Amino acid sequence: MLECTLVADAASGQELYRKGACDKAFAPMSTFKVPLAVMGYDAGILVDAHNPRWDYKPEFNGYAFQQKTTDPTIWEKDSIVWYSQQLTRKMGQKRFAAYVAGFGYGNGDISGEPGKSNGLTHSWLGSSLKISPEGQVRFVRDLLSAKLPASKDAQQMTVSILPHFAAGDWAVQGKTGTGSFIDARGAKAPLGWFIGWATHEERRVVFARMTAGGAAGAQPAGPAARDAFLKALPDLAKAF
């Protein structure tokens, strides 16, 4: 459908590969757990790879498979939405809004759902906040270079906690996003992300794969984008 693969060199910033429409902004969904980690570590609310450890509570109202005890590592690996929301509740509106503005993240619109005043906990979840694959790559390069307006330690910690994958000789880390949007004909259309970086020999690349439209598959769009990108990477790498 609408599909983007964008790959740049992490060190030099040079664009290495592009396919599809990569300049259209969509809801970041769970890819927003990457900047949230930076925020959480900088704020001192998140401590390390395994702390704090939070139990699920029914008032959090989380997804059935995500109703389990979570730490920062499990949060990123299993994409635990309620953990994000507990984090933003604790950091508060002032700090959240300061971080999003400081990061220059996508459209910077954290208003949330039109008539709900829920931006603090819902803005990245298929409502107000939008970012393009270009913006994602820009953000991730900044993260790896420790150039975000947050402590160096917070950015290094964030880098360390994203889940690991392998694609041939490439060692990969990255974060999925799965959501939906109402398309031009009023239909609920799937949205998928996989963003992160990959390392091989002297090279490190930063990447974003995004899919948008049209029919929901059995596999969530995020993991599907993840599998597709990992499958493609060794071939793409031949032309680096």
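Numbers follow the displayed sequence, beginning with 1.
According to the PDB record, 17-25 carries the higher mean C-alpha B-factor of the two stretches 17-25 and 221-229.
Per the PDB record, of the two stretches 204-212 and 58-66, 58-66 carries the greater mean B-factor over its C-alpha atoms. Of all the options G192, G174, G186, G40, the entry's greatest CA B-factor is assigned to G186.
Comparing the listed residues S132, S79, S117, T73, the entry records the largest Cα B-factor for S117. Ranked by Cα temperature factor within the chain, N107 sits in the middle third according to the deposited record. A49: CA B factor in the middle third of modelled residues in this chain (values from the PDB entry). Per the deposited record, the Cα B-factor of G126 falls in the highest third when ranked against the other modelled residues of its chain.
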